[PDB]
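The structure under discussion appears below in the form of structure tokens.
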Amino acid sequence: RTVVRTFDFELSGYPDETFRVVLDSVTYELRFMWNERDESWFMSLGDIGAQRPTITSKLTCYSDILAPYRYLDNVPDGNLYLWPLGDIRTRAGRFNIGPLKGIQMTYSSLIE
Amino acid sequence: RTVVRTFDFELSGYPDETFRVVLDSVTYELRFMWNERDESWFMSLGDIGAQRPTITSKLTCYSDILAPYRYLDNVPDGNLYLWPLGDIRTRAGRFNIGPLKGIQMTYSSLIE
Amino acid sequence: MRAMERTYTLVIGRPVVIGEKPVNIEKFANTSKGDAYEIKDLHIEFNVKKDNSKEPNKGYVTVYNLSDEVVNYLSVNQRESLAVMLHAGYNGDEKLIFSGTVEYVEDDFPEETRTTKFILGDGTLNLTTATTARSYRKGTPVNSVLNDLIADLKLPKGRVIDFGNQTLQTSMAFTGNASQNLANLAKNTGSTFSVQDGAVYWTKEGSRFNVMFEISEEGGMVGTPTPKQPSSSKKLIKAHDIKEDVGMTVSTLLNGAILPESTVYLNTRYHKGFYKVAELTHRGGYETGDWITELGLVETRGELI
Amino acid sequence: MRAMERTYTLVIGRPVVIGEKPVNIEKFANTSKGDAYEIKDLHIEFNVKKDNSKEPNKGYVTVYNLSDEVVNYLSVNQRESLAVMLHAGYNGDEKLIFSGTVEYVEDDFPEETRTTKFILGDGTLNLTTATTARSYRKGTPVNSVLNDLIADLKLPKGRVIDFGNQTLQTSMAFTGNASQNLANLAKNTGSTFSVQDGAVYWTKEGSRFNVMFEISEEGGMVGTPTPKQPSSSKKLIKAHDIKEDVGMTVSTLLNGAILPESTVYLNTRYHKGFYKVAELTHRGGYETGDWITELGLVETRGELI
Amino acid sequence: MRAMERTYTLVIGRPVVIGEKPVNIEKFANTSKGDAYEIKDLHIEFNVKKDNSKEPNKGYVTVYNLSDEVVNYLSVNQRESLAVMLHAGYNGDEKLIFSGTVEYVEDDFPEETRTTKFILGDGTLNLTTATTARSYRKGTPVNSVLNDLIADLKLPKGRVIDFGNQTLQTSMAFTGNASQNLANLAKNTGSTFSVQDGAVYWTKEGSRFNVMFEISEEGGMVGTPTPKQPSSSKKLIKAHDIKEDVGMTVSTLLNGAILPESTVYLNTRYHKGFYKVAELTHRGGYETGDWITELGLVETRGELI
Amino acid sequence: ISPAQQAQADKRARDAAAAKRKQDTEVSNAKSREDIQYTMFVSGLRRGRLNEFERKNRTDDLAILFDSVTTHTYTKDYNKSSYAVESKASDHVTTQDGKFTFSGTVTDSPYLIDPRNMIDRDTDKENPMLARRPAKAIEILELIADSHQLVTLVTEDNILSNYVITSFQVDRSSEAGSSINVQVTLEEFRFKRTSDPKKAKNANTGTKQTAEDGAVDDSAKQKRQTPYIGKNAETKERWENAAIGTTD
Amino acid sequence: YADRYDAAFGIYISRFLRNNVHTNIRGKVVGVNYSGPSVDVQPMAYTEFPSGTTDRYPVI
Amino acid sequence: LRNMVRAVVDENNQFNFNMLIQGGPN
Amino acid sequence: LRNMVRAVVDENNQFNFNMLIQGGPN
Amino acid sequence: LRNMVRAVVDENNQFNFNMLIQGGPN
């Protein structure tokens with residue numbers, strides 16, 4: 001399953017960010033919510049103007065977020081991962097997500 | 001191989017000149033870079049809006065620059081030469097290129 | 001303490017080349033040198049209209065006192081279609097507001113001040129040259145015809161509502177520009193087709209999508225809403241019934257995160273309810289002028305797709 | 001002692017519904033409540049052009065600071081064609097000046113003053129939807145074809161000049177909008193067809209009807225007459241000869257008792273004679289502006305029908 | 001010592017009558033009385049655009065406070081096409097700047113000042129009424145077809161570039177207006193056809209003719225040249241290649257000795273080279289206004305015909 | 001020409017360019033910190049306004065006092081429809097922004113040098129004229145106006161907030177030498193991240209593209225990939241290339 | 001060339017007819033049905049624009 | 001001041017659109 | 001002042017009508 | 001002052017010409 005890096009993300013730290021992104025020539029809308037007690041980011045994925053999000057999950061490092069969901073016509077077939085740029089023991093935080101902040105959220109697409 | 005002179009060039013001496021020229025009814029973009037240690041002009045040739053130049057070479061007097069490259073659909077088939085107007089021993093310099101500055105950069109096209 | 005001041009950015013990239021896959025203006029931003037020609041602190045006047053129809057969305061721009069190098073780069077490429085993106089916001093962020101190709105460019109420099117002009121088209125090249133040649137027999141499912149024609153158009157699919165188990169009643173043939181053929185299928189099946197900021201949107205008339213936007217005095221509204229007819233003419237009526245026929249108008253501070261096919265909620269003191277969007281117009285004067293957006297709303301009477 | 005001050009009245013009635021008999025806008029004036037919404041003492045600006053051609057006569061109107069109730073009544077019926085009548089004169093009487101249907105309506109209320117807009121059409125609905133399907137054989141009298149088509153149009157007959165004993169030379173078929181077919185019969189028989197304030201007028205080109213109006217300094221003329229060509233282009237000539245080709249222009253204080261197909265007598269110190277009327281334009285500014293009418297006259301060379 | 005002051009002359013002649021030989025507006029200048037109505041010292045405003053296309057070149061003119069006799073002479077002939085010539089220059093000579101027929105004329109005389117209006121067409125009558133009916137078989141030399149159609153148009157041949165030994169590949173038929181048929185032959189053979197000041201010009205696209213004009217600060221240039229696209233839209237490209245696609249703009253003091261199909265040399269400090277001409281616009285205000293001409297230049301890439 | 005002049009034109013360009021780096025930089029940081037709050041005391045002081053003048057410290061709530069204020073005026077405006085209304089329709093009126101202007105003076109011979117005034121931050125006690133006080137005031141005045149601070153005015157009667165400076169004038173006439181006359185004009189401002197999640201509201205950013213010069217954006221601009229610092233190249237290496245791949 | 005107001009309508013009408021207003025065309029039979037005689041037609045004519053683009057009629 | 005002119009041009013465009021598109025069953 | 005603008009718009013409309021309708025035998 | 005108005009009318013005419021003539025291979 002050859003895959004190539006094709007997109008990177010950044011977060012400003014606002015607890016209720018929402019924006020639209022284009023992946024594999026298809027367009028999706030994303031929502032990020034910050035959880036206080038669990039100090040983690042909650043990601044919701046869905047179609048543009050959809051009544052409810054298609055997928056909701058909790059973000060973690062080195063875990064394949066989309067693994068159990070590559071069976072729907074509206075879910076990207078690529079790979080979405082979070083891995084750190086600094087010390088390997090650093091876990092995902094609020095302000096430490098970005099191309100140079102410490103954590104590299106990235107999307108990669110299979111070659112077809 | 002009958003050939004006729006059909007175009008002449010001039011350089012203002014700026015170390016990173018770049019401009020567009022039309023030859024044989026086709027259009028190309030040229031880049032000229034000045035090298036300090038080697039005191040010579042580096043010429044890059046390519047198509048308009050091309051990602052990378054098709055040809056790069058070093059300019060010298062009485063040398064056929066395009067000789068080894070007349071086998072591509074986007075390279076002129078004419079002759080490009082640099083020869084001096086003054087004493088024959090003068091070599092190409094920075095400010096001495098032009099119709100009256102001392103060195104005559106010229107392009108000539110075969111008769112068809 | 002600061003004030004609330006405007007900001008914007010304008011980017012110019014490589015010529016757009018259509019190939020054998022969907023076109024994305026994003027990937028053409030970088031120039032051969034790498035970083036693109038960015039213009040930030042120069043007085044700019046622009047007008048960008050958007051709609052849901054066959055025609056592409058077009059926007060106009062004007063820039064004063066540009067450097068000679070940038071103008072030279074546009075004197076070249078006058079045969080080509082440079083990619084351009086525009087951003088605007090308030091001193092803390094800038095939302096994409098337009099993306100397309102430079103259809104026209106001219107320079108006038110009488111004495112004191114040069115004034116560059118632009119005319120930009122949202123996917124004009126694809127919508128006006130994508131030819132097709134297709135045919136189908138009696139019994140073919142209509143849902144297959146729709147997907148076949150859109151793939152020909154070579155644009156990303158923003159959103160589509162399939163027809164279900166609909167089937168063709170008569171043999172069909174399609175030629176010429178793909179956009180024109182699709183716009184004809186719209187009339188006979190109650191569907192709206194319109195490309196916008198590179199995204200293909202296929203929806204059904206009368207119906208609408210949640211409250212993706214709320215308008216109120218806190219949301220930077222400008223003046224009270226007023227009722228305005230959505231068309232410059234009236235049609236004869238039996239008095240499909242589901243079609244449009246009513247609307248309203250609202251104005252708001254510039255906000256590029258809105259599209260013609262979206263849905264908005266209107267929280268005012270007189271008018272309250274949900275509406276579709278039908279038209280957008282973005283205006284802007286950096287040093288002097290408005291920085292607002294105008295929305296033309298249309299009432300809905302269909303199902304909540 | 002008084003001055004000579006302007007007056008006007010504007011009336012809005014029920015939606016217009018076309019049926020199986022000639023339409024009269026008069027009978028739709030009354031609203032379900034009875035009396036109609038009359039607007040008298042509010043600054044109004046209007047422009048009403050009239051002509052003798054296929055297209056209907058259209059007039060524009062603007063009203064400032066309307067009460068919310070009236071605007072609400074027009075927010076509703078935006079799918080329907082409300083009947084409207086307009087009157088104007090001088091403090092002692094008001095002559096009918098326009099009657100039709102509200103084609104368009106929009107409201108803009110920026111800060112200080114609301115400004116309502118209207119676009120009215122004189123019989124637009126009938127002229128653009130009355131379909132027909134008729135045919136005739138060789139030998140049919142042309143006078144029968146004319147009457148058959150007009151009855152289809154469903155409008156009162158203001159005035160018609162029958163053809164006599166004319167007979168068709170070839171078989172004929174008519175479909176589509178009745179107005180378009182009649183306008184084609186005009187070219188090949190030297191007849192003028194045009195609907196105006198609900199009345200159908202069919203006359204013959206070149207000829208004219210008594211001195212129904214006289215223009216002089218006593219008759220409130222405004223400036224001297226000047227010669228103006230009746231068309232924006234010139235035709236090649238053999239130098240039917242009877243056709244028009246010349247005209248003049250005059251202006252006068254507002255007077256709604258005039259129609260494009262009428263006849264006028266021009267009693268000035270330079271120009272004297274009889275002329276046809278070809279075009280009208282009524283302008284008006286209640287508090288500020290003109291209150292005059294402009295007539296485009298055309299010379300005649302035919303018989304005195 | 002004097003100043004450098006403007007001068008002009010306007011002449012009106014007999015009606016133009018087309019016959020069985022090429023039309024020359026020169027010979028119609030004289031009126032039945034002999035000398036024509038010349039107008040020299042009256043404030044005049046005019047705008048004259050010229051181009052290389054099917055449509056004729058049209059110019060507009062306005063004259064203030066004309067004598068009643070001249071206006072009377074134009075009240076008559078309103079059915080006819082009077083010949084008119086215009087001259088302009090600087091106090092020592094006047095170059096022909098336009099010649100054609102009076103398409104339109106109207107007079108408005110509100111109170112203080114009368115204002116006459118004109119619309120003039122350069123060969124409008126011939127280009128819009130010259131019918132043809134011709135046919136040819138396979139093998140006919142194309143050079144014969146071109147000459148046959150131009151003679152039908154009944155205009156002097158300003159300049160033509162024959163096709164050589166070209167031959168028709170398929171049978172051809174031509175009807176309707178001759179100008180329209182010729183303009184169609186232009187597309188399929190890379191040739192430009194356009195009538196101007198009575199002269200027929202047939203040339204080949206991309207190629208150009210010596211330095212017939214040189215532009216420099218000594219030559220009364222006005223401001224620096226600026227690059228402007230020669231068309232309001234962009235075409236898809238393979239990136240005939242020889243076609244146009246680039247241009248520039250320049251302005252200069254009024255000089256009627258220039259034509260759209262000519263060639264000019266641009267001697268400035270930034271831009272230097274040879275260009276074709278594509279468009280002209282002559283403006284003029286005698287007492288107040290500009291007295292300049294604007295040229296739209298187009299780059300060339302063909303042979304030096 | 002000669003090389004001696006080329007070594008002179010550079011000096012002309014270098015020193016002139018250095019001026020923007022000084023002035024242009026100061027405004028940039030002055031806008032990059034919103035904690036500071038400027039205030040002006042026009043009259044008011046001795047009628048009990050001292051109660052709030054003493055609140056002003058020397059780091060956050062900076063205060064400005066002029067050596068003398070001659071006149072100050074306050075005004076508001078409204079407009080109404082000029083056409084008869086349809087009748088109650090009392091909504092046909094709008095409110096404009098209130099204006100405030102005053103005239104003052106700064107002198108080389110001050111009578112009161114209270115150090116709390118920000119004009120007198122580091123003014124000498126015994127030689128006021130060598131301190132060049134008028135130059136101190138102008139330097140302060142331009143920075144406040146240039147950065148677009150929302151100033152607060154303390155006046156005789158009322159207190160005004162959210163006022164921005166739109167124009168000011170300075171002159172040194174032959175009369176009243178050793179001093180400068182100053183005029184100012186202000187108008188209202190109808191103004192309407194690290195934040196508590198409980199106060200957060202759903203926001204939007206529109207369509208977004210590749211963010212910042214990353215490992216993928218570098219390829220778009222033809223920049224060479226940033227080498228990885230070898231803190232550890234045994235664990236990630238086998239997984240990084242297999243799961244994320246490389247931009248190519 | 002493209003400055004006059006009439007030339008714009010000329011080009012617009014010329015382009016409008018290109019994608020509509022089909023009246024007659026030649027072709028060749030490729031599919032034949034003998035019960036209820038009907039035939040499938042493949043039009044022969046086509047054109048190539050200067051931009052290296054082609055227009056092909058589909059099978060009817 | 002261009003604001004005043006743009007409004008009149010817009011109104012004229014509106015009138016022309018109305019003239020072209022009016023009535024009709026489609 | 002709208003009087004001045006209306007006149008120019010009217011003249012432009014007149015020019016366009018002339019451009020559309022010109023010459024011709026019909 | 002008519003200079004200011006003529007410019008706006010010209011720009012509107014330019015926009016309309018662009019709207020009519022755009023894209024296309026011919």
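Letters A, B, ... go to the chains of the structure tokens in the order shown; residues in each chain start at 1; ligands are counted from 1 in the same order.
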Problem - Distance filter 8 Å, only C-alpha atoms, chain E against chain G, as a PyMOL selection string - result: chain E and resi 51-55+231-232+236-238+240
Exercise for the section: Quick one: everything within 9 Å of stretch 79-95 of chain A, counting only C-alpha atoms, minus sequence neighbours fewer than 6 positions away in the same chain. Send it as a PyMOL selection string. Expected result: (chain A and resi 3+5+11-15+34+39-41+59-67+101-110) or (chain F and resi 228+231-232+236+240+243-244)
Residue subset to file, keeping N, CA and C atoms, as a compact mmCIF listing (two decimals), in the first residue's frame:
# COMPACT_ATOMS: atom_id res chain seq x y z
N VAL A 3 1.95 4.98 -0.29
CA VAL A 3 1.25 6.20 0.07
C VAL A 3 2.24 7.36 0.00
N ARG A 5 2.80 11.59 1.06
CA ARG A 5 2.35 12.74 1.84
C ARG A 5 1.81 13.82 0.91
N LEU A 11 -3.33 24.12 13.85
CA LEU A 11 -4.40 24.54 14.73
C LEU A 11 -3.97 25.77 15.53
N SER A 12 -4.86 26.75 15.61
CA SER A 12 -4.55 27.99 16.31
C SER A 12 -4.79 27.88 17.81
N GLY A 13 -5.37 26.78 18.27
CA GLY A 13 -5.64 26.59 19.68
C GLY A 13 -7.01 27.04 20.13
N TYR A 14 -7.79 27.67 19.27
CA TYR A 14 -9.13 28.07 19.65
C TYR A 14 -9.97 26.81 19.92
N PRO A 15 -10.73 26.77 21.02
CA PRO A 15 -11.36 25.51 21.43
C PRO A 15 -12.46 25.00 20.52
N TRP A 34 -11.95 21.12 22.07
CA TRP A 34 -10.97 20.85 23.11
C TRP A 34 -11.68 20.38 24.37
N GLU A 39 -7.98 16.72 28.39
CA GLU A 39 -6.93 17.45 27.68
C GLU A 39 -6.61 16.82 26.33
N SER A 40 -7.61 16.69 25.46
CA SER A 40 -7.40 16.09 24.15
C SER A 40 -8.32 16.75 23.14
N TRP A 41 -7.96 16.62 21.87
CA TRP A 41 -8.74 17.20 20.78
C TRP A 41 -9.76 16.18 20.27
N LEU A 59 -8.23 12.30 19.03
CA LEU A 59 -6.92 12.32 18.40
C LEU A 59 -5.85 11.81 19.35
N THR A 60 -4.96 10.96 18.83
CA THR A 60 -3.84 10.43 19.59
C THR A 60 -2.67 10.21 18.64
N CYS A 61 -1.48 10.12 19.22
CA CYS A 61 -0.25 10.01 18.44
C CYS A 61 -0.03 8.57 17.97
N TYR A 62 0.42 8.43 16.72
CA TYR A 62 0.79 7.16 16.12
C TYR A 62 -0.37 6.18 16.02
N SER A 63 -1.61 6.67 16.03
CA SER A 63 -2.79 5.82 15.88
C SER A 63 -3.49 6.15 14.57
N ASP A 64 -3.82 5.12 13.81
CA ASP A 64 -4.51 5.29 12.53
C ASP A 64 -5.96 5.66 12.82
N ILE A 65 -6.30 6.94 12.63
CA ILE A 65 -7.62 7.42 13.00
C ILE A 65 -8.70 6.83 12.10
N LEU A 66 -8.44 6.74 10.80
CA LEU A 66 -9.44 6.33 9.83
C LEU A 66 -9.51 4.82 9.63
N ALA A 67 -8.68 4.04 10.34
CA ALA A 67 -8.56 2.61 10.09
C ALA A 67 -9.91 1.92 9.99
N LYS A 101 5.37 23.45 15.65
CA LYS A 101 5.05 23.60 17.06
C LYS A 101 5.41 22.37 17.88
N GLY A 102 5.64 21.22 17.24
CA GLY A 102 6.04 20.03 17.96
C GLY A 102 5.35 18.77 17.48
N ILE A 103 4.11 18.89 17.02
CA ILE A 103 3.32 17.76 16.55
C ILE A 103 2.91 18.03 15.11
N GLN A 104 3.10 17.04 14.25
CA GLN A 104 2.85 17.17 12.81
C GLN A 104 1.62 16.33 12.45
N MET A 105 0.46 16.97 12.41
CA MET A 105 -0.72 16.31 11.87
C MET A 105 -0.65 16.32 10.35
N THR A 106 -0.81 15.14 9.75
CA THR A 106 -0.52 14.98 8.33
C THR A 106 -1.51 14.01 7.71
N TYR A 107 -1.78 14.22 6.42
CA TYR A 107 -2.60 13.33 5.62
C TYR A 107 -1.81 12.87 4.41
N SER A 108 -1.88 11.57 4.12
CA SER A 108 -1.17 10.99 2.99
C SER A 108 -2.14 10.13 2.19
N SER A 109 -1.94 10.11 0.87
CA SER A 109 -2.87 9.50 -0.06
C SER A 109 -2.19 8.37 -0.81
N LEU A 110 -2.91 7.26 -0.97
CA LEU A 110 -2.40 6.13 -1.73
C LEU A 110 -2.25 6.48 -3.20
N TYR F 228 16.52 15.89 8.95
CA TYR F 228 16.06 15.55 10.28
C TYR F 228 17.24 15.47 11.24
N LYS F 231 18.26 12.99 16.74
CA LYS F 231 18.05 12.64 18.14
C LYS F 231 17.71 11.17 18.29
N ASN F 232 16.93 10.62 17.36
CA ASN F 232 16.64 9.20 17.31
C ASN F 232 16.24 8.85 15.88
N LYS F 236 11.40 5.72 14.65
CA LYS F 236 10.50 6.34 13.69
C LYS F 236 10.84 5.92 12.26
N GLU F 240 8.04 5.64 9.91
CA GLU F 240 7.72 6.91 9.27
C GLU F 240 7.59 6.75 7.76
N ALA F 243 4.52 4.24 6.71
CA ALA F 243 3.15 4.67 6.96
C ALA F 243 2.84 6.06 6.41
N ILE F 244 3.80 6.97 6.41
CA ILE F 244 3.56 8.35 5.99
C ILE F 244 4.13 8.56 4.59
Exercise for the section: Write out as a list in words which residues come within 12 Å of stretch 47-50 of chain F when counting only C-alpha atoms, dropping same-chain ones fewer than 3 positions away. Expected result: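 My reading of the contact set: residues 40, 41, 42, 43, 44, 53, 54, 55, 56, 116, 153, 154, 155, 156, 157, 158 and 159 of chain F.
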Next, the residues of the selection above should be written as a CSV table (one decimal), in the first residue's frame with C-alpha atoms.
chain,number,residue,atom,x,y,z
F,40,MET,CA,-5.6,62.2,28.8
F,41,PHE,CA,-6.5,64.7,31.5
F,42,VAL,CA,-8.1,67.8,29.9
F,43,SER,CA,-9.1,70.1,32.8
F,44,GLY,CA,-11.1,68.1,35.4
F,53,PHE,CA,-5.4,60.4,38.6
F,54,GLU,CA,-3.6,58.7,41.5
F,55,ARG,CA,-4.7,55.3,40.1
F,56,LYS,CA,-2.4,55.7,37.1
F,116,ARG,CA,3.3,61.0,37.5
F,153,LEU,CA,-10.7,61.3,28.0
F,154,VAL,CA,-11.2,62.6,31.5
F,155,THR,CA,-13.0,66.0,31.3
F,156,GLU,CA,-14.7,68.5,33.5
F,157,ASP,CA,-18.2,67.0,33.4
F,158,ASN,CA,-18.2,63.5,31.9
F,159,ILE,CA,-15.7,60.8,31.0
Handout entry: All strand (DSSP E or B) positions in chain G, as a list in words
Key = residues 27, 28, 29, 30, 31, 32, 33, 38, 39, 40, 41, 42, 43, 47, 48, 49, 53, 54 and 55 of chain G
Exercise for the section: With a cut-off of 8 Å and counting only C-alpha atoms, select all residues of chain J in contact with chain C and give the selection as a PyMOL selection string. Expected result: chain J and resi 22-25
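Take atom CA of residue C:63 and atom CA of residue E:217: the distance between them is 27.8 Å.
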From a backbone DSSP assignment, name each residue in chain H labelled alpha helix (DSSP H), as a compact mmCIF listing (two decimals) with N, CA and C atoms, in the first residue's frame.
# COMPACT_ATOMS: atom_id res chain seq x y z
N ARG H 2 -18.22 58.27 -6.90
CA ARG H 2 -18.50 57.18 -7.82
C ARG H 2 -19.64 56.32 -7.32
N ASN H 3 -19.91 56.37 -6.01
CA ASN H 3 -21.06 55.67 -5.45
C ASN H 3 -22.35 56.10 -6.12
N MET H 4 -22.53 57.40 -6.34
CA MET H 4 -23.75 57.88 -6.97
C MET H 4 -23.87 57.33 -8.39
N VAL H 5 -22.77 57.29 -9.13
CA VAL H 5 -22.83 56.86 -10.53
C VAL H 5 -23.09 55.36 -10.62
N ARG H 6 -22.44 54.58 -9.75
CA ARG H 6 -22.63 53.13 -9.80
C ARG H 6 -24.09 52.77 -9.59
N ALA H 7 -24.79 53.51 -8.73
CA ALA H 7 -26.19 53.21 -8.47
C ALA H 7 -27.03 53.39 -9.73
N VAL H 8 -26.82 54.48 -10.46
CA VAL H 8 -27.60 54.72 -11.67
C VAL H 8 -27.27 53.67 -12.72
N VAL H 9 -26.00 53.32 -12.87
CA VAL H 9 -25.64 52.29 -13.84
C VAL H 9 -26.30 50.96 -13.46
N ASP H 10 -26.32 50.64 -12.16
CA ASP H 10 -26.95 49.41 -11.72
C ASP H 10 -28.43 49.41 -12.05
N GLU H 11 -29.11 50.54 -11.81
CA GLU H 11 -30.53 50.60 -12.10
C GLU H 11 -30.79 50.41 -13.59
N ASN H 12 -29.96 51.02 -14.44
CA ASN H 12 -30.15 50.84 -15.87
C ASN H 12 -29.94 49.38 -16.27
N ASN H 13 -28.93 48.73 -15.70
CA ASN H 13 -28.74 47.31 -15.98
C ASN H 13 -29.96 46.50 -15.55
N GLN H 14 -30.52 46.84 -14.39
CA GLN H 14 -31.72 46.14 -13.93
C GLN H 14 -32.86 46.30 -14.92
N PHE H 15 -33.07 47.52 -15.41
CA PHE H 15 -34.14 47.73 -16.38
C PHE H 15 -33.92 46.91 -17.63
N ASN H 16 -32.68 46.85 -18.12
CA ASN H 16 -32.42 46.05 -19.31
C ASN H 16 -32.65 44.56 -19.07
N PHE H 17 -32.24 44.05 -17.91
CA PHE H 17 -32.51 42.65 -17.61
C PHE H 17 -34.01 42.39 -17.58
N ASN H 18 -34.77 43.29 -16.97
CA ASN H 18 -36.22 43.12 -16.97
C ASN H 18 -36.77 43.12 -18.38
N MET H 19 -36.28 44.03 -19.23
CA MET H 19 -36.78 44.08 -20.60
C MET H 19 -36.53 42.77 -21.32
N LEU H 20 -35.34 42.19 -21.15
CA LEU H 20 -35.04 40.94 -21.83
C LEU H 20 -35.89 39.80 -21.28
Exercise for the section: Would you mind listing what lies within 8 Å of stretch 175-181 of chain F as an MDAnalysis selection string, with only C-alpha atoms counted and same-chain residues fewer than 3 positions away left out? Expected result: chainID F and resid 103:108 134 169:172
Would you give me, as a tab-separated table (two decimals) with C-alpha atoms, in the first residue's frame, the residues of chain B that come within 12 Å of chain C, using only C-alpha atoms?
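File written: selection.tsv
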chain	number	residue	atom	x	y	z
B	16	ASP	CA	19.86	38.09	-12.19
B	17	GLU	CA	18.26	39.38	-15.40
B	18	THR	CA	15.26	37.48	-16.75
B	19	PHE	CA	13.19	38.33	-19.82
B	20	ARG	CA	11.14	36.80	-22.62
B	21	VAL	CA	12.24	36.67	-26.26
B	22	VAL	CA	10.66	35.47	-29.51
B	27	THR	CA	8.59	32.32	-27.67
B	28	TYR	CA	11.08	31.43	-24.93
B	29	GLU	CA	12.13	32.78	-21.55
B	31	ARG	CA	17.64	33.71	-17.37
B	46	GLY	CA	13.10	27.03	-21.17
B	47	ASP	CA	9.47	27.32	-22.19
B	48	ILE	CA	7.16	30.03	-20.91
B	49	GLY	CA	5.91	29.16	-17.44
B	50	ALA	CA	7.91	25.94	-17.38
B	51	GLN	CA	8.64	24.39	-14.00
B	52	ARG	CA	12.35	23.95	-14.78
B	53	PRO	CA	14.63	25.23	-17.56
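Taking atom CA of residue D:164 and atom CA of residue D:188 as the two end points, the separation is 15.8 Å.
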Would you write out, as a tab-separated table, a table of all residues in chain C that have an atom no more than 7 Å from an atom of chain D, listing for each the closest atom pair and the distance in Å to one decimal, considering only C-alpha atoms and ordering rows by chain and rising residue number?
residue	atom	partner	partner_atom	distance
C:223	CA	D:110	CA	6.3
C:226	CA	D:107	CA	5.8
C:227	CA	D:107	CA	5.9
C:228	CA	D:106	CA	4.2
C:229	CA	D:106	CA	5.9
C:232	CA	D:104	CA	5.9
C:233	CA	D:103	CA	5.6
C:234	CA	D:103	CA	5.7
C:245	CA	D:79	CA	6.2
C:246	CA	D:78	CA	6.8
